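One chain comes next, on its own, written out as structure tokens in the form deposited in one PDB entry.
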């Protein structure tokens, strides 16, 4: 029978502090749960946001991480679609396929287990993690910063067994989110003129998506010009640094596109840039998609005139992908060379050096650092 597993995990004991590599215990999977051996994981801006303590919903102690890939170690009772050995990717956006959201083609926001997930617990209201006599919380239903994690059986995507996990773990959030923002949320048409604010992992994926969709122009926008080279490699036709201008960035974009862009994407999480992204859109048919997650309490604003005269304000979560059915297809698109993933990896580290990944992100030198468990 499935026994308790003693392994290593990067525990976040408290907000504002680095992660600590600890010996933890991972309980066996209960009914409709799956225990996964994490092979590779990466750090997303969101993991850092929660660790900072700025997240009102953040609770400690906790095992963070939501971009990962591994192998099913064991399954709980009732689980038949998955078995030991299956290659998988943990999902923070599950897909029960039965709730009103899963049944509605216009959304991917399954609500079946959100309450418990928000509390860092499995669907039955308890955690499978313990460390030095203390209960350790789950995070985003995935907790990938551990040699072994337990997730709800609806939070699992079974993928191509030949997929390189040290690469597809990135489809766990960043890449999928930006890519989906373009082809799912915006559904931009061939020839579209697009602007992408923020040239990090998500922004690059948006550009990637705009290129796949056939955009005629893709303008990258970032104050850090060191991000331009890679942005162009991904498809950006040109990049502009807001600091090189003495007028609001939206005015710059309107000027260089004769009215504004057809589609804009904010991939930073800055409400001011969000307003700018909307206002840089063309009158009559422009559409701006909010992809980044802004700090709590912060509000976006603009004059209703902007909407009345034709612009549309949208947002997206995990690129609008119905997770369980989509993630496997995204992996296949990677395997068939339709989308890029390898190009997103700028650094590689061992599990013990996971804090360097946070350091590299904060310093803005990297796009994605893959951590080998």
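Positions refer to the first chain, counted from 1.
Of the two stretches examined, 107-115 and 174-182, the record assigns the greater average C-alpha temperature factor to 107-115. Averaged over their C-alpha atoms, the temperature factors of 148-156 and 224-232 are higher for 224-232.
Across 209, 259, 286, 203, the greatest Cα temperature factor reported in the deposited entry is at 259. In the PDB entry, the Cα temperature factor peaks, among 275, 282, 138, 134, at 134.
Sort the modelled residues of the chain by CA B factor and residue 50 lands in the middle third. For residue 63, the recorded CA B-factor ranks within the lowest third of the chain. Only modelled residues enter the ranking. For residue 334, the recorded CA temperature factor ranks within the middle third of the chain's modelled residues. Sorting the modelled residues of the chain by their CA temperature factor places residue 77 in the highest third.
Among all modelled residues in this chain, the alpha-carbon of residue 88 has a temperature factor (C-alpha) in the lowest third.
There is another form of this protein, the form deposited with a small molecule bound, and it is not shown here; the text below is about that form.
In summary, the region of this chain contacting the small molecule in the deposited bound form, judged by heavy atoms within 4.5 Å and restricted to 70-78, 170-178, 207-215, 256-264, corresponds to 170-178. With respect to the small molecule in the deposited bound form, the three residues 4, 28 and 153 uniformly fall beyond 4.5 angstroms at the level of their nearest heavy atom.
Of the residues 186, 202, 277, 194, just one reaches the small molecule in the deposited bound form with a heavy atom at 4.5 Å or closer; this is 202. With the partner omitted from this view, the residue of 314, 347, 45, 322 that lies near the small molecule in the deposited bound form is 45 [heavy atom within 4.5 Å]. Within 4.5 Å of any heavy atom of the small molecule in the deposited bound form lies no heavy atom of residue 286. Heavy atoms of residue 318 reach within 4.5 Å of the small molecule in the deposited bound form, making it an interface residue. Residue contact check for residue 234: none of its heavy atoms lie within 4.5 Å of the small molecule in the deposited bound form. By the criterion of a heavy atom within 4.5 Å, residue 269 is counted among the residues contacting the small molecule in the deposited bound form.
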